[PDB]
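Chemist: So that you have it, the file is my_file27.txt, and it contains compact mmCIF, C-alpha atoms:
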```txt
# COMPACT_ATOMS: atom_id res chain seq x y z
CA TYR A 4 0.00 0.00 0.00
CA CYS A 5 1.00 3.55 -0.79
CA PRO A 6 -1.21 6.68 -0.80
CA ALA A 7 -2.26 7.94 -4.22
CA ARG A 8 -2.80 11.55 -5.23
CA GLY A 9 -6.51 12.28 -4.95
CA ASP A 10 -7.04 9.74 -2.18
CA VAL A 11 -8.86 10.52 1.03
CA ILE A 12 -6.82 8.87 3.77
CA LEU A 13 -7.23 8.43 7.51
CA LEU A 14 -4.12 9.41 9.47
CA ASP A 15 -3.24 8.78 13.09
CA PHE A 16 -3.34 12.00 15.07
CA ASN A 17 -1.42 11.10 18.19
CA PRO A 18 -0.41 14.12 20.27
CA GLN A 19 1.39 13.34 23.51
CA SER A 20 -0.40 16.30 25.06
CA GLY A 21 -2.92 19.07 24.43
CA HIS A 22 -6.70 19.21 24.72
CA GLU A 23 -7.37 17.60 21.32
CA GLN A 24 -8.29 13.92 21.48
CA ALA A 25 -6.08 11.37 19.72
CA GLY A 26 -7.57 9.41 16.84
CA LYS A 27 -7.70 9.13 13.08
CA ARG A 28 -8.20 12.18 10.91
CA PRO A 29 -9.26 12.40 7.29
CA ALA A 30 -7.06 14.21 4.78
CA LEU A 31 -6.66 14.67 1.03
CA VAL A 32 -3.44 13.53 -0.67
CA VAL A 33 -2.21 16.14 -3.15
CA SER A 34 1.31 14.72 -3.70
CA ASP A 35 2.41 12.52 -6.64
CA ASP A 36 2.17 8.72 -6.24
CA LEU A 37 5.89 8.25 -6.92
CA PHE A 38 6.83 10.92 -4.37
CA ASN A 39 4.73 9.11 -1.78
CA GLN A 40 6.34 5.74 -2.39
CA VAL A 41 9.94 6.93 -2.62
CA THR A 42 10.01 9.45 0.26
CA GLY A 43 7.67 7.67 2.67
CA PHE A 44 5.98 11.07 3.02
CA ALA A 45 2.67 12.36 1.74
CA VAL A 46 1.70 15.99 1.25
CA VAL A 47 -1.84 16.33 2.61
CA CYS A 48 -4.58 18.84 3.36
CA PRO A 49 -6.80 18.19 6.41
CA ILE A 50 -10.49 17.48 5.87
CA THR A 51 -13.15 18.76 8.22
CA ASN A 52 -16.93 18.80 8.55
CA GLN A 53 -16.81 22.24 10.16
CA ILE A 54 -17.84 24.58 7.37
CA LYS A 55 -17.29 28.23 8.23
CA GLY A 56 -16.97 29.74 4.75
CA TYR A 57 -13.25 30.21 5.42
CA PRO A 58 -11.60 31.30 2.12
CA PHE A 59 -9.25 28.30 1.91
CA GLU A 60 -12.01 25.75 2.50
CA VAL A 61 -12.38 23.55 -0.58
CA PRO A 62 -15.62 21.56 -0.75
CA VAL A 63 -15.02 17.83 -1.02
CA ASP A 64 -16.48 16.56 -4.32
CA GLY A 65 -16.68 13.33 -6.30
CA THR A 66 -16.51 11.03 -3.29
CA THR A 67 -18.44 7.97 -2.19
CA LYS A 68 -18.82 8.39 1.59
CA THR A 69 -16.79 11.56 2.37
CA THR A 70 -18.21 15.02 3.09
CA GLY A 71 -17.01 18.38 4.44
CA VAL A 72 -14.30 20.77 3.31
CA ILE A 73 -10.59 20.53 2.63
CA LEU A 74 -8.40 23.11 4.38
CA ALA A 75 -5.92 24.06 1.71
CA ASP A 76 -3.76 26.47 3.73
CA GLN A 77 -3.08 23.71 6.29
CA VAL A 78 -1.12 21.71 3.69
CA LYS A 79 1.42 19.37 5.38
CA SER A 80 3.90 16.69 4.36
CA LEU A 81 3.24 13.83 6.75
CA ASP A 82 4.75 10.42 7.42
CA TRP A 83 2.06 8.07 6.20
CA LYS A 84 3.89 5.01 7.53
CA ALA A 85 4.31 6.17 11.13
CA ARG A 86 0.73 7.50 11.03
CA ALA A 87 -0.66 4.27 9.53
CA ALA A 88 -2.40 5.85 6.53
CA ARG A 89 -5.41 4.05 5.05
CA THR A 90 -7.14 5.01 1.80
CA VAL A 91 -10.89 5.14 2.44
CA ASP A 92 -12.07 7.30 -0.48
CA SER A 93 -11.04 9.65 -3.26
CA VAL A 94 -12.13 12.99 -4.70
CA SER A 95 -12.61 14.42 -8.18
CA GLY A 96 -9.68 15.63 -10.26
CA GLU A 97 -10.91 19.22 -10.12
CA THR A 98 -11.10 18.98 -6.32
CA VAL A 99 -7.36 18.26 -6.19
CA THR A 100 -6.66 20.90 -8.82
CA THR A 101 -8.52 23.52 -6.78
CA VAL A 102 -6.61 22.69 -3.59
CA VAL A 103 -3.22 22.64 -5.33
CA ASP A 104 -4.04 25.95 -7.02
CA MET A 105 -4.64 27.49 -3.60
CA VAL A 106 -1.37 26.12 -2.22
CA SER A 107 0.68 27.37 -5.17
CA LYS A 108 -0.97 30.76 -4.74
CA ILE A 109 0.03 30.70 -1.06
CA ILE A 110 3.69 29.90 -1.81
CA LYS A 111 3.94 32.24 -4.79
CA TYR B 4 6.74 40.49 14.29
CA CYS B 5 5.71 38.30 11.38
CA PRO B 6 7.62 35.73 9.31
CA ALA B 7 8.51 36.86 5.79
CA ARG B 8 9.02 34.86 2.62
CA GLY B 9 12.70 33.96 2.35
CA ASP B 10 13.25 34.08 6.11
CA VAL B 11 15.23 31.45 7.93
CA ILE B 12 13.32 31.04 11.18
CA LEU B 13 13.88 28.96 14.29
CA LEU B 14 10.92 26.84 15.40
CA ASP B 15 10.16 24.82 18.53
CA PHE B 16 10.27 21.06 18.08
CA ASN B 17 8.57 18.04 19.50
CA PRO B 18 9.29 14.31 20.01
CA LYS B 27 14.64 24.77 18.28
CA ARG B 28 15.10 24.05 14.57
CA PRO B 29 15.81 26.11 11.35
CA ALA B 30 13.27 26.35 8.54
CA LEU B 31 12.74 28.36 5.37
CA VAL B 32 9.49 30.30 4.96
CA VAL B 33 8.05 29.90 1.46
CA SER B 34 4.58 31.33 2.13
CA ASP B 35 3.60 34.90 1.22
CA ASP B 36 4.10 37.67 3.80
CA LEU B 37 0.45 38.69 3.98
CA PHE B 38 -0.56 35.05 4.26
CA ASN B 39 1.68 34.61 7.30
CA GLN B 40 0.23 37.73 8.91
CA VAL B 41 -3.45 37.18 8.13
CA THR B 42 -3.87 33.42 8.61
CA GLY B 43 -1.32 32.97 11.40
CA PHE B 44 0.13 30.05 9.44
CA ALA B 45 3.54 29.82 7.84
CA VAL B 46 4.38 27.30 5.12
CA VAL B 47 7.95 26.25 5.84
CA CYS B 48 10.57 23.69 4.86
CA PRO B 49 13.14 22.36 7.33
CA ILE B 50 16.84 22.97 6.90
CA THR B 51 19.34 20.23 7.73
CA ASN B 52 23.13 19.86 7.90
CA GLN B 53 22.96 16.27 6.70
CA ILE B 54 23.40 16.16 2.94
CA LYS B 55 22.05 12.81 1.82
CA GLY B 56 21.77 13.73 -1.85
CA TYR B 57 18.00 13.15 -1.95
CA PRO B 58 16.47 14.63 -5.13
CA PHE B 59 14.28 16.96 -3.05
CA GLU B 60 17.22 18.68 -1.29
CA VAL B 61 17.85 22.35 -2.06
CA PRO B 62 21.21 23.87 -1.04
CA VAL B 63 20.92 26.95 1.13
CA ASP B 64 22.32 30.10 -0.53
CA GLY B 65 22.81 33.82 0.12
CA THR B 66 22.87 33.58 3.92
CA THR B 67 24.88 34.80 6.91
CA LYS B 68 24.96 32.06 9.58
CA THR B 69 22.98 29.27 7.96
CA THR B 70 24.25 26.25 6.05
CA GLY B 71 22.95 22.92 4.77
CA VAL B 72 20.04 21.86 2.59
CA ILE B 73 16.37 22.76 2.54
CA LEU B 74 14.02 19.76 2.41
CA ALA B 75 11.18 20.49 0.02
CA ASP B 76 9.65 17.04 0.64
CA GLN B 77 9.11 17.95 4.32
CA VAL B 78 7.17 21.17 3.67
CA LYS B 79 4.58 21.97 6.37
CA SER B 80 2.03 24.67 7.11
CA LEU B 81 2.31 25.49 10.82
CA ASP B 82 1.26 28.05 13.42
CA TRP B 83 4.40 30.14 13.72
CA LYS B 84 3.36 32.00 16.89
CA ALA B 85 2.52 28.82 18.80
CA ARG B 86 6.00 27.57 17.87
CA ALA B 87 7.67 30.82 18.96
CA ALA B 88 8.98 31.52 15.45
CA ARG B 89 11.96 33.87 15.29
CA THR B 90 13.83 35.04 12.19
CA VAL B 91 17.62 34.56 12.41
CA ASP B 92 18.54 34.84 8.71
CA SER B 93 17.25 34.82 5.12
CA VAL B 94 18.10 33.37 1.70
CA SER B 95 18.44 34.51 -1.91
CA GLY B 96 15.34 34.76 -4.09
CA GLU B 97 16.62 32.04 -6.44
CA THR B 98 16.71 29.74 -3.41
CA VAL B 99 13.03 30.25 -2.55
CA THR B 100 12.07 29.88 -6.21
CA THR B 101 13.92 26.55 -6.42
CA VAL B 102 12.28 25.21 -3.25
CA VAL B 103 8.83 26.35 -4.39
CA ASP B 104 9.61 24.88 -7.82
CA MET B 105 10.25 21.49 -6.21
CA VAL B 106 7.13 21.68 -4.02
CA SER B 107 4.84 22.39 -6.98
CA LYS B 108 6.40 19.49 -8.90
CA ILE B 109 5.65 17.27 -5.90
CA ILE B 110 1.98 18.27 -5.65
CA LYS B 111 1.32 18.49 -9.39
CA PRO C 48 -9.16 34.00 -7.27
CA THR C 49 -6.12 36.02 -6.21
CA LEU C 50 -4.26 35.38 -2.92
CA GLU C 51 -5.12 38.93 -1.85
CA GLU C 52 -8.77 38.30 -2.70
CA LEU C 53 -8.72 35.04 -0.77
CA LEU C 54 -6.99 36.56 2.26
CA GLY C 55 -9.43 39.47 2.26
CA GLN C 56 -12.26 37.19 3.34
CA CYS C 57 -10.45 35.75 6.39
CA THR C 58 -12.14 36.84 9.62
CA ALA C 59 -12.18 36.13 13.36
CA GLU C 60 -15.32 34.05 12.93
CA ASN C 61 -13.92 32.32 9.83
CA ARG C 62 -10.68 30.77 10.97
CA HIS C 63 -9.83 27.15 11.82
CA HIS C 64 -7.60 25.69 14.50
CA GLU C 65 -4.59 23.81 13.12
CA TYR C 66 -5.43 20.17 12.43
CA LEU C 67 -2.79 17.43 12.75
CA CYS C 68 -0.40 19.70 14.66
CA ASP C 69 1.60 16.75 16.04
CA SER C 70 4.95 15.49 14.69
CA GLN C 71 5.30 11.75 13.99
CA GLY C 72 8.08 9.40 12.82
CA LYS C 73 10.22 11.01 10.20
CA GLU C 74 8.67 14.43 10.46
CA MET C 75 11.21 17.14 11.15
CA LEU C 76 8.88 19.87 12.20
```
Mind turning the file's structure into structure tokens?
Modeler:
Amino acid sequence: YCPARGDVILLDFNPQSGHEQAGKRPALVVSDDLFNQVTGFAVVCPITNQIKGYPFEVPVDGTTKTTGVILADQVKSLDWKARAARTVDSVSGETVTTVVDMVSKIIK
Amino acid sequence: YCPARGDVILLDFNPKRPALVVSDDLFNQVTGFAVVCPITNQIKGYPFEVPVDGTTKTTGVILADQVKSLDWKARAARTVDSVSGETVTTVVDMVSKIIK
Amino acid sequence: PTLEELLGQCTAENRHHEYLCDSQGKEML
């Protein structure tokens, strides 16, 4: 198994502290398949069902069971091995394109 | 204080560390997030390594494959240095290749 | 839209806490 670009994955969130409860969190994979396999990292954007109309929220579209918004400005390269990533879903191509567009705007 | 694009900042770590800020200035100020890549003295020759350039005290490579958006205030971000524009462009060039 | 245009609509009511703020395994930061 390796995460694919466009996948919705569940990642272990395992803080050793803080008020936020440990557990699995959904996120969208925006990094290339080959990157993910070779580095053992995956660049991901968190997914949430809290919809505030925040400018960097990208609505999840083209899925089977997954709802909510992607938070594009929270983009992170995460260790999908250590965090035991599991692919549970996937989004549309234009969903990924929208998120990546936001990120590239942020870093340019 | 706010992190600027091109800044080398020190960040608190977890289970202080240098990182390059690639996110836009106004983005860092408004959102409270900084998109950064870690800098390391180990040169392993990975294809995603970018050599640091145009700096005073800072050496090593920037890891584009480890890019993270983080809360810079919560990590007590402080700017100790900066890098050349061509350096940021190269890092950002690698990141966009990764996610496209 | 433009980064400026995007950033212009950020508010106090709008913003999100940082998800997945922990560091695991290989992560440097």
Chemist: Need the shell around segment 55-70 of chain C: protein/DNA/RNA residues with any atom at most 8 Å away, counting only C-alpha atoms. Skip same-chain ones fewer than 4 positions apart. Format as a PyMOL selection string?
Modeler: (chain A and resi 16-18+28+49+55-58+77) or (chain B and resi 17-18+41-42+81-82) or (chain C and resi 51+74-76)
Chemist: Could those residues be written to a file, using C-alpha atoms, as an mmCIF file, in the frame of the given file?
Modeler:
```cif
data_model
loop_
_atom_site.group_PDB
_atom_site.id
_atom_site.type_symbol
_atom_site.label_atom_id
_atom_site.label_comp_id
_atom_site.auth_asym_id
_atom_site.auth_seq_id
_atom_site.Cartn_x
_atom_site.Cartn_y
_atom_site.Cartn_z
ATOM 1 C CA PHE A 16 -3.340 12.000 15.070
ATOM 2 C CA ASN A 17 -1.420 11.100 18.190
ATOM 3 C CA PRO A 18 -0.410 14.120 20.270
ATOM 4 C CA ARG A 28 -8.200 12.180 10.910
ATOM 5 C CA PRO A 49 -6.800 18.190 6.410
ATOM 6 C CA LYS A 55 -17.290 28.230 8.230
ATOM 7 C CA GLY A 56 -16.970 29.740 4.750
ATOM 8 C CA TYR A 57 -13.250 30.210 5.420
ATOM 9 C CA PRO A 58 -11.600 31.300 2.120
ATOM 10 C CA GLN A 77 -3.080 23.710 6.290
ATOM 11 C CA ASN B 17 8.570 18.040 19.500
ATOM 12 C CA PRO B 18 9.290 14.310 20.010
ATOM 13 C CA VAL B 41 -3.450 37.180 8.130
ATOM 14 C CA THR B 42 -3.870 33.420 8.610
ATOM 15 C CA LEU B 81 2.310 25.490 10.820
ATOM 16 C CA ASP B 82 1.260 28.050 13.420
ATOM 17 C CA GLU C 51 -5.120 38.930 -1.850
ATOM 18 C CA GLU C 74 8.670 14.430 10.460
ATOM 19 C CA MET C 75 11.210 17.140 11.150
ATOM 20 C CA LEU C 76 8.880 19.870 12.200
#
```
Chemist: Please identify every residue of chain A that has at least one atom no more than 10 Å from any atom of chain C, counting only C-alpha atoms, and report them as a PyMOL selection string.
Modeler: chain A and resi 14-21+23+25+27-30+43-44+48-51+53-60+74+76-86+104-111
Chemist: I need every residue sitting at most 7 Å from the point (-10.1, 6.5, 0.2) (coordinates as in the file, only C-alpha atoms considered), written as a PyMOL selection string.
Modeler: chain A and resi 10-12+90-93
Chemist: Go ahead and write the residues just picked, C-alpha atoms, as a PDB file, keeping the file's coordinate frame.
Modeler:
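Printed below is part-v1.pdb as written:
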```pdb
ATOM      1  CA  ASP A  10      -7.040   9.740  -2.180  1.00  0.00           C
ATOM      2  CA  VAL A  11      -8.860  10.520   1.030  1.00  0.00           C
ATOM      3  CA  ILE A  12      -6.820   8.870   3.770  1.00  0.00           C
ATOM      4  CA  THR A  90      -7.140   5.010   1.800  1.00  0.00           C
ATOM      5  CA  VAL A  91     -10.890   5.140   2.440  1.00  0.00           C
ATOM      6  CA  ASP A  92     -12.070   7.300  -0.480  1.00  0.00           C
ATOM      7  CA  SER A  93     -11.040   9.650  -3.260  1.00  0.00           C
TER       8      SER A  93
END
```
Chemist: So the first atom is atom CA of residue 37 of chain A and the second is atom CA of residue 100 of chain B; what is the distance between them in Å, to one decimal place?
Modeler: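 Atom CA of residue 100 of chain B lies at a distance of 22.5 Å from atom CA of residue 37 of chain A.
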Chemist: Could you tell me how far atom CA of residue 56 of chain B sits from atom CA of residue 75 of chain B, in Å to one decimal place?
Modeler: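 Calculated distance between atom CA of residue 75 of chain B and atom CA of residue 56 of chain B is 12.7 Å.
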Chemist: Would you write out, as CSV, a table of all residues in chain B that have an atom no more than 12 Å from an atom of chain C, listing for each the closest atom pair and the distance in Å to one decimal, considering all atoms listed in the file and ordering rows by chain and rising residue number?
Modeler:
```
residue,atom,partner,partner_atom,distance
B:13,CA,C:76,CA,10.6
B:14,CA,C:76,CA,7.9
B:15,CA,C:76,CA,8.1
B:16,CA,C:76,CA,6.2
B:17,CA,C:70,CA,6.5
B:18,CA,C:70,CA,7.0
B:27,CA,C:76,CA,9.7
B:28,CA,C:76,CA,7.9
B:29,CA,C:76,CA,9.4
B:30,CA,C:76,CA,8.6
B:31,CA,C:76,CA,11.6
B:34,CA,C:50,CA,11.0
B:35,CA,C:50,CA,8.9
B:36,CA,C:51,CA,10.9
B:37,CA,C:54,CA,7.9
B:38,CA,C:54,CA,6.9
B:39,CA,C:54,CA,10.2
B:40,CA,C:54,CA,9.9
B:41,CA,C:54,CA,6.9
B:42,CA,C:57,CA,7.3
B:43,CA,C:62,CA,9.6
B:44,CA,C:65,CA,8.6
B:45,CA,C:65,CA,11.4
B:46,CA,C:76,CA,11.2
B:47,CA,C:76,CA,9.1
B:48,CA,C:76,CA,8.4
B:49,CA,C:75,CA,6.8
B:50,CA,C:75,CA,9.2
B:51,CA,C:75,CA,9.3
B:73,CA,C:75,CA,11.5
B:74,CA,C:75,CA,9.5
B:75,CA,C:75,CA,11.6
B:76,CA,C:74,CA,10.2
B:77,CA,C:74,CA,7.1
B:78,CA,C:76,CA,8.8
B:79,CA,C:76,CA,7.5
B:80,CA,C:65,CA,9.0
B:81,CA,C:68,CA,7.5
B:82,CA,C:65,CA,7.2
B:83,CA,C:65,CA,11.0
B:85,CA,C:65,CA,10.4
B:86,CA,C:76,CA,10.0
```
Chemist: Using all atoms listed in the file, find the one residue out of A:75, A:33, A:7, A:45 that sits nearest to chain B.
Modeler: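 So, comparing all the options, the nearest one is A:33.
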Chemist: Can you measure atom CA of residue 32 of chain B to atom CA of residue 111 of chain B for me? One decimal in Å is fine.
Modeler: 20.3 Å
Chemist: Which residue, B:12, B:33, B:99, B:63, has the smallest gap to chain A when you use only C-alpha atoms?
Modeler: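 Using only C-alpha atoms, the shortest distance to chain A belongs to B:33.
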Chemist: Would you list the contacts of residue 62 of chain A as a list in words, taking every protein, DNA or RNA residue within 7 Å and counting only C-alpha atoms, but skipping same-chain residues closer than 3 positions in sequence?
Modeler: residues 71, 72 and 73 of chain A
Chemist: Return as AutoDock Vina command-line options the box centre and box size in Å, one decimal, for an axis-aligned box around all listed atoms of segment 55-69 of chain A padded by 8 Å per side.
Modeler:
```
--center_x -14.0 --center_y 19.6 --center_z 1.0 --size_x 25.6 --size_y 39.3 --size_z 30.5
```
Chemist: Compare B:92, B:98, B:57, B:52 by their minimum atom-to-atom distance to chain A, counting all atoms listed in the file, and give me the closest one.
Modeler: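 Selected residue with least distance to chain A: B:57.
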